[PDB]
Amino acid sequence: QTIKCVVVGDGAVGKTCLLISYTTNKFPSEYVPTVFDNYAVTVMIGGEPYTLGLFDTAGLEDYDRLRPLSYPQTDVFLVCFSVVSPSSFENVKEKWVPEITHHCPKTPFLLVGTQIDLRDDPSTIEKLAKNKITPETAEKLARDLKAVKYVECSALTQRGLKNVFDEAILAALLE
């Protein structure tokens, strides 16, 4: 039948690139703010076709007025934080989960760590070091929150990318 999956999180976190890398195996080189995009793909689940509807929402505060119009009939959420932005990780707890809990309290959600390949990149670690997240920290927040589970991935290298949507898809169909 049909699974609805909405992707929310702070701006610049990598929600669009996640979705475009999954659906088409391409990276968008530039950074354009999302207002709203809806995609769909077919996914085979034990030989039976499902439409995975993917609702790419604005992280930017400019388009708050619009975002929750995506939320009715949602089967699963991906609450995204970049693992190289502590501010976006704290906004999972402080903002995003409160939003989706209020509009969609019975709807399961997964915490998605994005941009995990920049955990090695020294360029960005310097600006984390001078200003002064790991799986074990996010997994606690997932168990507390209470997300279905924690998953993480990189849209560039596709590490654990398929697994994000695999667990999202299972989460939706169980509940």
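When you see a residue number, it is the position in the sequence shown, counting from 1.
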116-124 set against 43-51, stretch whose average Cα temperature factor tops the other in the entry:
116-124
Quick check: 106-114 versus 134-142, which has the larger average CA B-factor in the record?
134-142
For the listed 80, 84, 76, 100, which has the peak Cα B-factor recorded in the PDB entry?
84
Which third, lowest, middle or highest, does the CA B-factor of residue 66 fall in along this chain?
middle
Select lowest, middle or highest to describe the third in which the CA B-factor of residue 27 falls within its chain in this entry.
highest
